[PDB]
Amino acid sequence: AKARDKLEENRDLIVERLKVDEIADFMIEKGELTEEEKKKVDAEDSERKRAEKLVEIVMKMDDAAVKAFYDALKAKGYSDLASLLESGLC
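When you line the sequence shown up against PDB author numbering, it's residues 3 to 92, in that order.
Shown next as structure tokens:
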């Protein structure tokens, strides 16, 4: 009930910057994204639209998904994107 809201608040800053496949591949290894969902994310045209579609999925899922998205950002060097979600951590 806090990292969810932190993520929708900072949604615009996140989607300008996300190289989506880096994150998607990390979330799959954590069992929080499907290859199938990864091909649907890929199917948007612009880079920002693919980022948009990825956050939408994360917003739909449980907080395990958000957690693995936070971890993806830390592990792929999105240190200050990841800090944006931090002050509450469900």
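We put the CB at the ideal spot given by N, CA and C, even for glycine.
If you follow the alpha helix (DSSP H) that residue i is in, where does it begin and where does it stop?
i   : result
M29 : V22 to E31
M61 : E49 to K62
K8  : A5 to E11
From the DSSP output, in three-state form, read off residue i for me.
i           : result
residue 100 : There is no way to answer for residue 100, as the model of the chain reaches only from 3 to 92.
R19         : coil
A70         : helix
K42         : helix
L91         : coil
What's the C-alpha gap between residue i and residue j?
i   : j   : result
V60 : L35 : 9 Å
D82 : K51 : 21 Å
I25 : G33 : 13 Å
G90 : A66 : 14 Å
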